[PDB]
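Colleague: Data file target_32.txt (compact mmCIF, N, CA and C atoms) is appended below.
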# COMPACT_ATOMS: atom_id res chain seq x y z
N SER A 1 -16.65 32.37 69.15
CA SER A 1 -16.93 33.64 69.79
C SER A 1 -17.80 33.42 71.00
N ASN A 2 -17.60 34.26 72.00
CA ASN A 2 -18.35 34.14 73.24
C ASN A 2 -19.31 35.29 73.41
N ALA A 3 -20.44 35.01 74.06
CA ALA A 3 -21.44 36.04 74.38
C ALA A 3 -22.10 35.78 75.74
N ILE A 4 -21.98 36.75 76.65
CA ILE A 4 -22.35 36.54 78.04
C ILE A 4 -23.55 37.39 78.38
N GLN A 5 -24.60 36.74 78.87
CA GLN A 5 -25.75 37.50 79.32
C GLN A 5 -25.45 38.11 80.67
N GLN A 6 -25.80 39.37 80.85
CA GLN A 6 -25.58 40.04 82.13
C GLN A 6 -26.84 39.95 82.97
N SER A 7 -26.69 40.18 84.27
CA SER A 7 -27.81 40.12 85.19
C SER A 7 -28.91 41.11 84.80
N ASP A 8 -28.53 42.21 84.15
CA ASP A 8 -29.50 43.24 83.82
C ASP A 8 -30.16 43.01 82.46
N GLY A 9 -29.82 41.90 81.82
CA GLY A 9 -30.44 41.53 80.56
C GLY A 9 -29.63 41.90 79.34
N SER A 10 -28.64 42.77 79.51
CA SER A 10 -27.78 43.13 78.38
C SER A 10 -26.89 41.95 78.04
N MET A 11 -26.30 41.99 76.85
CA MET A 11 -25.40 40.95 76.37
C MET A 11 -24.03 41.56 76.15
N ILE A 12 -22.97 40.85 76.50
CA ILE A 12 -21.62 41.23 76.11
C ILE A 12 -21.21 40.32 74.97
N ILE A 13 -20.93 40.93 73.82
CA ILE A 13 -20.61 40.20 72.60
C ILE A 13 -19.16 40.48 72.19
N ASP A 14 -18.48 39.47 71.65
CA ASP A 14 -17.16 39.67 71.08
C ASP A 14 -17.29 40.32 69.71
N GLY A 15 -16.32 41.15 69.35
CA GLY A 15 -16.26 41.70 68.01
C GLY A 15 -16.22 40.63 66.93
N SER A 16 -15.62 39.49 67.26
CA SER A 16 -15.48 38.39 66.30
C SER A 16 -16.79 37.68 65.99
N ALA A 17 -17.84 37.99 66.75
CA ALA A 17 -19.12 37.30 66.57
C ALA A 17 -19.63 37.41 65.14
N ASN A 18 -20.04 36.27 64.60
CA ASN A 18 -20.58 36.17 63.25
C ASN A 18 -22.00 36.72 63.21
N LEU A 19 -22.25 37.67 62.30
CA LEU A 19 -23.54 38.35 62.24
C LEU A 19 -24.70 37.40 61.96
N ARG A 20 -24.51 36.47 61.03
CA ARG A 20 -25.57 35.51 60.72
C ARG A 20 -25.88 34.64 61.93
N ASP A 21 -24.84 34.23 62.67
CA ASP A 21 -25.02 33.49 63.92
C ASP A 21 -25.82 34.28 64.95
N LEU A 22 -25.46 35.55 65.13
CA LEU A 22 -26.17 36.42 66.07
C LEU A 22 -27.64 36.57 65.70
N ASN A 23 -27.91 36.81 64.42
CA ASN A 23 -29.29 36.96 63.96
C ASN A 23 -30.13 35.72 64.25
N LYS A 24 -29.57 34.55 63.93
CA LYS A 24 -30.31 33.31 64.11
C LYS A 24 -30.54 32.98 65.58
N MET A 25 -29.55 33.26 66.42
CA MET A 25 -29.68 32.90 67.82
C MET A 25 -30.55 33.84 68.63
N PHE A 26 -30.42 35.14 68.38
CA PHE A 26 -31.12 36.14 69.18
C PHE A 26 -32.31 36.82 68.50
N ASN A 27 -32.59 36.44 67.26
CA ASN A 27 -33.66 37.08 66.49
C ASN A 27 -33.38 38.56 66.25
N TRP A 28 -32.11 38.91 66.07
CA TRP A 28 -31.72 40.28 65.77
C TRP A 28 -31.81 40.49 64.27
N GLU A 29 -31.65 41.74 63.84
CA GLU A 29 -31.78 42.01 62.42
C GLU A 29 -30.61 42.83 61.93
N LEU A 30 -29.42 42.35 62.26
CA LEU A 30 -28.20 42.99 61.82
C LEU A 30 -28.06 42.80 60.32
N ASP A 31 -27.59 43.84 59.65
CA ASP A 31 -27.36 43.82 58.20
C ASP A 31 -26.17 42.92 57.88
N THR A 32 -26.41 41.86 57.12
CA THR A 32 -25.35 40.90 56.81
C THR A 32 -24.83 41.01 55.38
N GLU A 33 -25.30 42.02 54.66
CA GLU A 33 -24.95 42.18 53.24
C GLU A 33 -23.47 42.45 53.01
N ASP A 34 -22.89 43.31 53.83
CA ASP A 34 -21.52 43.77 53.55
C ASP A 34 -20.49 43.38 54.60
N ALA A 35 -20.94 43.13 55.82
CA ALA A 35 -20.06 42.74 56.90
C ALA A 35 -20.28 41.29 57.27
N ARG A 36 -19.26 40.66 57.84
CA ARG A 36 -19.38 39.29 58.31
C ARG A 36 -19.49 39.21 59.83
N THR A 37 -18.80 40.09 60.53
CA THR A 37 -18.73 40.04 62.00
C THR A 37 -19.29 41.31 62.62
N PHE A 38 -19.53 41.25 63.92
CA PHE A 38 -20.01 42.41 64.67
C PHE A 38 -19.01 43.57 64.59
N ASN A 39 -17.73 43.25 64.76
CA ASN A 39 -16.66 44.22 64.54
C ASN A 39 -16.78 44.86 63.16
N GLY A 40 -16.91 44.04 62.12
CA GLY A 40 -17.01 44.58 60.77
C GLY A 40 -18.21 45.52 60.60
N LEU A 41 -19.35 45.12 61.13
CA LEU A 41 -20.55 45.96 61.04
C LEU A 41 -20.34 47.32 61.71
N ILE A 42 -19.74 47.32 62.89
CA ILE A 42 -19.50 48.57 63.59
C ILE A 42 -18.49 49.43 62.83
N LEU A 43 -17.40 48.83 62.37
CA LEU A 43 -16.38 49.59 61.65
C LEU A 43 -16.92 50.18 60.35
N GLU A 44 -17.80 49.45 59.67
CA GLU A 44 -18.32 49.94 58.39
C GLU A 44 -19.19 51.16 58.59
N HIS A 45 -19.75 51.29 59.79
CA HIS A 45 -20.67 52.39 60.07
C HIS A 45 -19.98 53.62 60.63
N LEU A 46 -18.85 53.42 61.31
CA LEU A 46 -18.16 54.54 61.94
C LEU A 46 -17.07 55.13 61.05
N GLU A 47 -16.95 56.45 61.10
CA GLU A 47 -15.93 57.15 60.32
C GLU A 47 -14.72 57.46 61.20
N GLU A 48 -14.40 56.51 62.07
CA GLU A 48 -13.25 56.58 62.97
C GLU A 48 -13.31 55.40 63.93
N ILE A 49 -12.18 54.74 64.16
CA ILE A 49 -12.13 53.64 65.12
C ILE A 49 -12.58 54.17 66.48
N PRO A 50 -13.70 53.64 66.99
CA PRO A 50 -14.38 54.26 68.13
C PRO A 50 -13.67 54.01 69.45
N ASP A 51 -13.74 54.99 70.34
CA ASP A 51 -13.17 54.83 71.66
C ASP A 51 -14.03 53.89 72.48
N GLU A 52 -13.39 53.23 73.43
CA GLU A 52 -14.14 52.58 74.48
C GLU A 52 -15.05 53.60 75.15
N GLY A 53 -16.24 53.16 75.53
CA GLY A 53 -17.21 54.02 76.17
C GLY A 53 -18.21 54.64 75.20
N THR A 54 -17.93 54.55 73.91
CA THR A 54 -18.85 55.05 72.88
C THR A 54 -20.16 54.29 72.90
N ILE A 55 -21.28 55.00 72.84
CA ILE A 55 -22.60 54.40 72.76
C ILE A 55 -23.18 54.80 71.42
N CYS A 56 -23.66 53.81 70.68
CA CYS A 56 -24.19 54.02 69.34
C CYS A 56 -25.40 53.14 69.11
N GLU A 57 -26.20 53.49 68.13
CA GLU A 57 -27.34 52.67 67.73
C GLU A 57 -27.09 52.13 66.32
N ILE A 58 -27.24 50.82 66.14
CA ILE A 58 -27.11 50.20 64.83
C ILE A 58 -28.11 49.07 64.70
N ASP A 59 -28.94 49.13 63.66
CA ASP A 59 -29.79 48.00 63.29
C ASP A 59 -30.61 47.44 64.45
N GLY A 60 -31.23 48.32 65.22
CA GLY A 60 -32.12 47.90 66.29
C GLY A 60 -31.43 47.58 67.60
N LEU A 61 -30.12 47.83 67.66
CA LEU A 61 -29.35 47.59 68.88
C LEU A 61 -28.73 48.86 69.44
N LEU A 62 -28.72 48.97 70.76
CA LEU A 62 -28.02 50.03 71.46
C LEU A 62 -26.73 49.42 72.00
N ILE A 63 -25.61 49.92 71.49
CA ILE A 63 -24.33 49.27 71.67
C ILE A 63 -23.38 50.18 72.44
N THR A 64 -22.68 49.61 73.41
CA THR A 64 -21.64 50.32 74.14
C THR A 64 -20.32 49.61 73.90
N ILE A 65 -19.34 50.32 73.36
CA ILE A 65 -18.03 49.73 73.12
C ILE A 65 -17.30 49.56 74.45
N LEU A 66 -16.94 48.32 74.79
CA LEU A 66 -16.27 48.05 76.06
C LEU A 66 -14.75 47.90 75.95
N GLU A 67 -14.29 47.29 74.85
CA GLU A 67 -12.88 46.99 74.69
C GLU A 67 -12.50 47.13 73.23
N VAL A 68 -11.46 47.91 72.97
CA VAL A 68 -10.89 48.06 71.63
C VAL A 68 -9.42 47.67 71.68
N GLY A 69 -8.95 46.99 70.65
CA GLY A 69 -7.55 46.63 70.58
C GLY A 69 -7.22 46.34 69.14
N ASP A 70 -6.00 46.68 68.73
CA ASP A 70 -5.56 46.46 67.35
C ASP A 70 -6.55 47.06 66.37
N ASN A 71 -7.03 48.25 66.70
CA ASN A 71 -8.02 48.93 65.86
C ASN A 71 -9.20 48.04 65.48
N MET A 72 -9.56 47.10 66.35
CA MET A 72 -10.79 46.32 66.17
C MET A 72 -11.59 46.33 67.47
N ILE A 73 -12.92 46.28 67.35
CA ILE A 73 -13.77 46.14 68.52
C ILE A 73 -13.61 44.73 69.04
N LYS A 74 -13.19 44.62 70.29
CA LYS A 74 -13.00 43.32 70.93
C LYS A 74 -14.23 42.87 71.71
N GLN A 75 -14.86 43.79 72.43
CA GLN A 75 -16.06 43.47 73.21
C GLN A 75 -17.00 44.65 73.21
N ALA A 76 -18.29 44.36 73.11
CA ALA A 76 -19.32 45.39 73.19
C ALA A 76 -20.51 44.90 74.00
N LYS A 77 -21.13 45.81 74.74
CA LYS A 77 -22.38 45.55 75.43
C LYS A 77 -23.51 45.87 74.48
N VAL A 78 -24.54 45.03 74.48
CA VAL A 78 -25.66 45.19 73.56
C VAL A 78 -27.00 45.09 74.28
N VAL A 79 -27.88 46.06 74.01
CA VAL A 79 -29.26 46.02 74.46
C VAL A 79 -30.17 46.18 73.24
N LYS A 80 -31.32 45.52 73.23
CA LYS A 80 -32.25 45.64 72.12
C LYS A 80 -33.06 46.94 72.22
N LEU A 81 -33.25 47.59 71.08
CA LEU A 81 -34.08 48.78 71.00
C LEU A 81 -35.52 48.42 70.71
Let's see the structure in the file written out as structure tokens.
Modeller:
Amino acid sequence: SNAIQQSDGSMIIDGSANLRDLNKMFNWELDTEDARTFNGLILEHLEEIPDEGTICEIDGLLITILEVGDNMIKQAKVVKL
């Protein structure tokens, strides 16, 4: 999985990103109990496959959905809360 730091400090993360990997690398505190990937975490929280452009808060992160495909989150922008 790829993750790109933006000039403004935000991160663009792939939906496929492994939650435990993200936590260890960025010192985030994503819940790893039930989901394995960033996509999984977002889907478990939403009661509908979210549109691109959706902004949500999960586990200390402010997340903007950038790309959705095959009913999975492909890319999201992330800022720390």
Colleague: Just checking: using only C-alpha atoms, which residue out of A:15, A:50, A:60, A:9 ends up closest to residue 81 (chain A)?
Modeller: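 Of all the options, A:60 lies closest to residue 81 (chain A).
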Colleague: What would the list of residues within 7 Å of (-14.5, 46.3, 72.9) (file frame) look like as a ChimeraX atom specification, if all atoms listed in the file are what count?
Modeller: /A:15,52,64-69,72-77
Colleague: Would you mind reading off the distance between atom C of residue 61 (chain A) and CA of residue 47 (chain A), one decimal, in Å?
Modeller: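 Atom-to-atom, atom C of residue 61 (chain A) and CA of residue 47 (chain A) are spaced 17.8 Å apart.
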Colleague: Please extract the residues of chain A with a backbone DSSP assignment of strand (DSSP E) and present them as a list in words.
Modeller: residues 3, 4, 5, 11, 12, 13, 14, 55, 56, 57, 58, 61, 62, 63, 64, 65, 66, 67, 68, 69, 72, 73, 74, 75, 76, 77, 78, 79 and 80 of chain A
Colleague: Smallest atom-to-atom distance to residue 41 (chain A): which of A:27, A:18, A:10, A:5, using only C-alpha atoms?
Modeller: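 For residue 41 (chain A), the nearest of the candidates is A:18.
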Colleague: Could you pull out the alpha helix (DSSP H) residues of region 17-67 of chain A from DSSP and send them as a list in words?
Modeller: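 Alpha helix (DSSP H) assignments inside region 17-67 of chain A correspond to residues 19, 20, 21, 22, 23, 24, 25, 26, 38, 39, 40, 41, 42, 43, 44 and 45 of chain A.
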Colleague: Measure the distance from atom C of residue 46 (chain A) to CA of residue 6 (chain A) in Å and round it to one decimal.
Modeller: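 About the pair atom C of residue 46 (chain A) and CA of residue 6 (chain A): they are 27.3 Å apart.
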Colleague: State, in Å with one decimal place, the distance from CA of residue 13 (chain A) to CA of residue 40 (chain A).
Modeller: 13.1 Å
Colleague: Using all atoms listed in the file, pick whichever of A:63, A:17, A:58, A:11 has the shortest atom-to-atom distance to residue 39 (chain A).
Modeller: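 The answer is A:17, which sits nearest to residue 39 (chain A).
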Colleague: So which one's closest to residue 19 (chain A), A:80, A:36, A:53, A:4? Using only C-alpha atoms, please.
Modeller: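 For residue 19 (chain A), the nearest of the candidates is A:36.
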Colleague: Rank nothing, just name the residue among A:56, A:22, A:3, A:62 nearest to residue 78 (chain A), using only C-alpha atoms.
Modeller: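 The closest residue to residue 78 (chain A) is A:62.
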Colleague: With only N, CA and C atoms as the basis for distance, which of A:1, A:44, A:12, A:25 is at the shortest distance from residue 79 (chain A)?
Modeller: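 Ranked by minimum distance to residue 79 (chain A), first place goes to A:12.
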Colleague: Emit as lines of an AutoDock Vina configuration file the padded axis-aligned box for all listed atoms of region 21-35 of chain A, 3 Å per side, with centre and edge lengths in Å to one decimal.
Modeller:
center_x = -26.9
center_y = 38.4
center_z = 61.1
size_x = 19.6
size_y = 16.9
size_z = 22.2
